[PDB]
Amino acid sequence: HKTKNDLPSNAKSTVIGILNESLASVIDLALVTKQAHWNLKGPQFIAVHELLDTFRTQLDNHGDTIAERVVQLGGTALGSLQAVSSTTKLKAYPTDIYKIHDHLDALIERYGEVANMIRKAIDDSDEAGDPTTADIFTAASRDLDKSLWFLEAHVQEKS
């Protein structure tokens, strides 16, 4: 499949791997956010339940932008169940936790991991000579870092 897009061939290759790696952990994190959303229980239920839906919409939008960029560079976006299981960097989410603080701890671990993977991806994409992909990761980084603060702010003090 040819493309007129003239980003260098080795920059395309490099950046497609960065993209598809991040895609898998973003899709996993999208699944995790709904898993916590459905099963959380405790005094702050409705506010955290609803917040997690806004995070899921953001993850859906950044995972679509990342996958569409793979394809613009001539690759294959890899977001099926099997590609995500083989490529995700996140540990399996616990399916036997319910308390809000337990889900906040588990989400903070994973949100922090994805936020920091995307932070790295900005630099790696820019250094590869693709500032257009680096801006896709920068936009994702701004939402991931804000979502990470929102979650951490719930546990940084007890009252």
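All residue numbers are counted from 1 along the displayed sequence.
Higher mean CA temperature factor, per the PDB entry, when comparing 9-17 with 146-154: 9-17. Placement of the Cα temperature factor of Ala128 within the chain: highest third of the modelled residues, per the deposited record. Ranked by C-alpha B-factor against the other modelled residues of its chain, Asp60 falls in the lowest third. Looking at the C-alpha B-factors along this chain, the one for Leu107 belongs to the middle third. Per-chain ranking of the deposited C-alpha B factor places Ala121 in the middle third. When the modelled residues of the chain are ordered by C-alpha B-factor, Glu68 sits in the lowest third.
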